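Protein chains in written order, with this note's numbering: chain Z, 145 to 194; chain E, 502 to 565; chain H, 71 to 166; chain D, 723 to 801. In this text, a Cβ means the ideal position worked out from N, Cα and C, and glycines have one as well.
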RNA sequence: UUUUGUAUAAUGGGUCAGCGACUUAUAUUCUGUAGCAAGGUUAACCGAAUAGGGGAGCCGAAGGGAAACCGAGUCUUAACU
RNA sequence: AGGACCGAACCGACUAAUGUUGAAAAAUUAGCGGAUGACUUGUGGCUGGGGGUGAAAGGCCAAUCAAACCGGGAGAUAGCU
RNA sequence: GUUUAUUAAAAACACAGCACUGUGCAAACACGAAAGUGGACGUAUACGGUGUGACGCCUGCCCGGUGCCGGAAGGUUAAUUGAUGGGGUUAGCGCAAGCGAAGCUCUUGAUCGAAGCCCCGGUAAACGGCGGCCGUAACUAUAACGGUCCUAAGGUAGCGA
RNA sequence: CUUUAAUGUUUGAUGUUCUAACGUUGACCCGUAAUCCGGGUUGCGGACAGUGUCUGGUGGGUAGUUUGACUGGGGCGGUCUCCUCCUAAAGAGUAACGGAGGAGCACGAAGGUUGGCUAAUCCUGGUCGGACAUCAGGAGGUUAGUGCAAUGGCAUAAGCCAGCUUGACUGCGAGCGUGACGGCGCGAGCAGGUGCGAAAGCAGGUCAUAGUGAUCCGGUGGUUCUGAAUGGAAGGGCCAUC
């Protein structure tokens, strides 16, 4: 699309990801969030966000 | 012509070992970010039809 | 197909449409039945001669329904957990 | 400066009074926007985000006819 | 006859004798009623005519799963819960 | 020399009355317009239904027309009488 | 002259006069699946069509909008051509990822593309449009005149209960 | 290899020159004292005509069709989904063009947690200072502040200061709750790994209530599912998702 949606991926080399929607018309900024990885069984920073 | 199976019902229902009919959920494949994950997990097991619609589905699928 | 308005449920659900396609072409044989093979021998390469469950069959399977009393002999096919144990309880043999 | 609109139904129901109860949770009255104007005084702990007079415990209600200020507590009767 | 409501000034209607509307078939559920029963039952065609032959045909007897596949058990699962 | 002025035959059918389930399925009485001509009439032919005819009015086309008549589709259809 | 047969003979239609527009000989224009016909035994001193209405004095200003016409370059774009990239298959260099070619094959469609339209101008005897405020003459009343505001431009002639 | 002077063979376009295609929209002769046709004979044009096409565009002269509703008939004005109060009859239930006002979002931070702080505003005095906005003092205030209507909560702060932080978790949920159903709310307790705190305990998103739309259609990814003679692939399913 053109509004886009976030697909934030595990930093532990896992294929695991999370999804979220975030408005860009207020400000454009990349998300740096800490989330659970069920394959290495820890909470880590997730990458490749919008 | 000899009374027909509604194929728009056949591709939407399977029959259970108790006479009732089992089906999928709507609003689940085009928007996925708008339900919280508790609601997401409770919409991974499927559903069965209630009496308010069974009394019509059992006539649209007469040979089921 | 009408309830005055708001659509029937059969027009407000997702389609999936996927099936076995093998079920209609599988001969499902019971221990309570089998009188078309008379407690003799069963092999899928000669089952057309007995025509049990039909003539346009591609698969054969025996299920635990009833009790068998005579030494029926199986050559290949499919037999379930309890069906094998019921055939052996009748002196019957399963050759694989 | 306008006409019509008045809201749908408010979606509330009051019944957690006298000796009302429950068998796993005492769900009480469905109430709005007040997190603890009655509030719990014993093992009847709860009253969460939905503001409903709900307790994480089973039994029937009791009223003590005193409160923290002002106001009046809600509790539960003997098992 | 309409209409909630008509002795109605609302609808018509002469005379008299005739004509003139809900009929029965298949499918199926409840209701009623018999026969058979873990078994009950064939179409066309033949035919000592509905019998006797004809089991292509029709119901009941297992379930879990999208399906592979499994089965008196089974899908989902790291899973005990 | 008259698409001359008036006016009979000849053509029209404007005005008033009568008749209006009539004597007449628009006829009669007395006026009025045109009357060698963008006039009229006998005979046989040609133009036909979204087609003719019309110097044009929803005027005219067989006692039928905002689409005539006749055989079939046809028992069109109807949150309707 | 023509006209609504039995509600209505005209102030309507039209010629004459004038503009506008199509047409050059196998005319345009027209019919008819077509053969065959009309225009025409016509040739522009001829033919098919729109408006206004003989005659006299006349024919206002506005082309910004919609329509029409003249101009020509370039843009956009369908047909068709088949570059670029990907999918099924797959050679081949890298541990592997990373990639990734020719053929068969599924898909895309770079690019070529008259005129219109966009642009510039023309056309109001095409469709149409023909605006505010302030000051100005010693009663009162109204402006022959400036200033500023709008714009495509703001009613000349003649007539007027 | 390339610039530059040329060039064969075809194929479009454009101009010119022919005549064997085609016409004759010229005539005579014959069939045949037939105004047509066809042939023949002789002239004249000419690869253009004359005839018939499909692609795509233009295409309303032609055809079929579409037409929101509410409601003292109707358009105009208001309104249709979602939210708060009064209407609402001192139970549950509840309405219109009743009386009024709002929303179709915004925040990884404005979220979670431990400690600290608690207001606002008026008034008197106060410095360039501008009644007042530096500041203190007095009164006063769960009607300040919060994001936003309204209502009501909020210090056991959800308001603002400091630090630490992501439980805005993957998988499940006893049992109860709104509704006709679709859609859906609360929740004892567990699994997998954690965050704040000295600790009990707190955390499965924001102060609670508004912040676009089903089936259907296409696309992206993982697959010891299926892919109908044996297979792959395309299509379909399961599990993810725009």
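Item to check | Buried or exposed (CB count within 10 angstroms, at least 16 for buried), residue 154 (chain Z) | outcome: Looking at its Cβ environment, which holds 16 or more other Cβ atoms inside 10 Å, residue 154 (chain Z) is buried.
Item to check | Three-way DSSP call (helix, strand, coil) for residue 192 (chain Z) in this model | outcome: Here residue 192 (chain Z) carries a coil assignment [DSSP, helix/strand/coil].
Item to check | Same chain, Cβ closer than 6 Å to residue 550 (chain E), five either side skipped, listed in chain order | outcome: Here the set comprises 522, 558.
Item to check | Under the three-state DSSP convention, the category residue 158 (chain H) falls into | outcome: The DSSP-derived three-state label of residue 158 (chain H) is helix.
Next on the checklist: When you compare the CB of residue 82 (chain H) with every CB in chain E, is at least one pair closer than 8 Å?
Outcome noted: It does; some Cβ of chain E falls within 8 Å.
Checklist entry - Bridge partners of residue 797 (chain D), per DSSP? => result Note: residue 797 (chain D) sits in a beta bridge opposite D:784.
Checklist entry - For chain E, is any of its Cβ atoms less than 8 Å away from the one on residue 92 (chain H)? => result No, no contact with chain E.
Next on the checklist: Spatial neighbours of residue 99 (chain H) within its chain, please: C-beta separation below 6 Å, excluding the five flanking residues on both sides.
Outcome noted: Taken in chain order, the residues that qualify are 132.
Checklist entry - Per DSSP, what kind of secondary structure is residue 171 (chain H) in: helix, strand or coil? => result No answer is possible for residue 171 (chain H): the residues shown for chain H start at 71 and end at 166.
Checklist entry - Should residue 167 (chain Z) be labelled buried (16 or more other beta-carbon atoms within 10 Å of its own) or exposed? => result By the neighbour-count criterion, in which 16 or more other beta carbons inside 10 Å mark a residue as buried, residue 167 (chain Z) falls on the exposed side.
Item to check | Neighbour list for residue 527 (chain E) in chain H, Cβ cutoff strictly below 8 Å | outcome: Residues of chain H whose Cβ lies closer than 8 Å to the Cβ of residue 527 (chain E) are, in chain order, 82, 83, 84.
Next on the checklist: Between which two residues does the alpha helix (DSSP H) holding residue 510 (chain E) run?
Outcome noted: Residues 508 to 511.
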